[PDB]
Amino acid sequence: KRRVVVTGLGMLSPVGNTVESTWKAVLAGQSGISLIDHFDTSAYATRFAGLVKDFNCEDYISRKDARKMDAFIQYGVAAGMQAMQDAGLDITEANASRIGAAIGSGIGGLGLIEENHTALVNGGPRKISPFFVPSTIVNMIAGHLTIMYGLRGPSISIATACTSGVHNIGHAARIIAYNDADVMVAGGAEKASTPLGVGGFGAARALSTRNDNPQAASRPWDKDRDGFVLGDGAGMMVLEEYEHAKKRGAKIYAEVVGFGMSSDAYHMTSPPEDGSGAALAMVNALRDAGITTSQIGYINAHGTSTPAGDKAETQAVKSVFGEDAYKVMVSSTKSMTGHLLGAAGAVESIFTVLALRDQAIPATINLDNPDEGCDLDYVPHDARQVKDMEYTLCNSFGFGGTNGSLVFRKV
């Protein structure tokens, strides 16, 4: 069996423009939630979001090109480039066929779709950009990155809303484990903080409305949560077959040991009280790892700060772990970053990897008051330091009842 490892990281988040800066901010509990100011939020019930600050795409992409790609692709490409240099692979003609990509997104280029539509409405079809389609569709990040680095291996893009990042990472490992690839760039990127994005989620009343204290709005498992907080960003991993990485002597962050999947088959947006589908996914990830519930130190929960959702996940954690539950620490970093959607699973899977490296677990900020049936150890306010920890569990449960989990092992 071919073992798969993480040999390169890159990311853009609301609390940092690099991996390490974001990780520092995460451990120190700094919030990335700000007020939106790039469009008039007068009529909107929600006026804040987790935004990427001081991002200049001209470090990564010339502006001539950056005009041919929606912001979510710009993030994705940037984060991909970070991971590539972090990996330090040599791309040769004998290598190319064996290096590919698995990068997705939940919503994609909403921003550039809005632009082009207004242009169409105002000026007709001839005011539509000739690069409309390549700038907006979900798989164009991998499109840009493969071409940039001359990667000619398998290239896919899984779009499963909030489960994108996890699914992409997971299936990238499957592709490598199947011998179809030796190296994969995997992850997700998102920028749904647009008029339609904020408006759309607002119309569904899935958004928090605590405009008076934005950085306290995201409060998973707290009593006064009123919906999730929207966030932008991109997370990217370089996955590699294990012997291949050592033979070239790469820095090896962690091992991808388990990948489990399931669906709720319940409701399109809300999860089941029981959490059967979420539980199913973790059981599967664990079976894939050949590992028991009592070997897991930390669970990066979905933890979206939604009423129904946060309850479901806990009930699912209790169901799977039984009563290793209270011994195990369960934190959502979404208290800081907000919900990144398609990039959520990728950015959070990086935290679970870094957590193993540094043996430090991020806290769930704004957990001032436990909810009714929320008794587990959510690492309430400050980052713990733990020791001799070896297995991590990363969760994401997306719209459509799509569930996915990854298990990482310390190496």
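Note that residue numbering follows the sequence shown and begins at 1.
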What stretch has the higher average Cα B-factor here, 5 to 13 or 392 to 400?
392 to 400
Could you check which stretch, 116 to 124 or 183 to 191, carries the larger mean CA temperature factor in the entry?
116 to 124
Among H244, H167, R205, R174, which residue carries the highest C-alpha B-factor recorded in the PDB entry?
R205
Please work out which residue in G231, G80, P220, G249 has the highest C-alpha B-factor recorded for this crystal structure.
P220
Sorting the chain's modelled residues by C-alpha B-factor, tell me whether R152 ends up in the lowest, middle or highest third.
lowest
On the chain's distribution of Cα B-factors, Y326 falls within the third called highest
Which third, lowest, middle or highest, does the C-alpha temperature factor of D264 belong to within its own chain?
middle
Which third of the chain holds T292 when residues are ordered by C-alpha B factor: lowest, middle or highest?
highest
Lowest, middle or highest third of the chain for the C-alpha temperature factor of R225?
highest
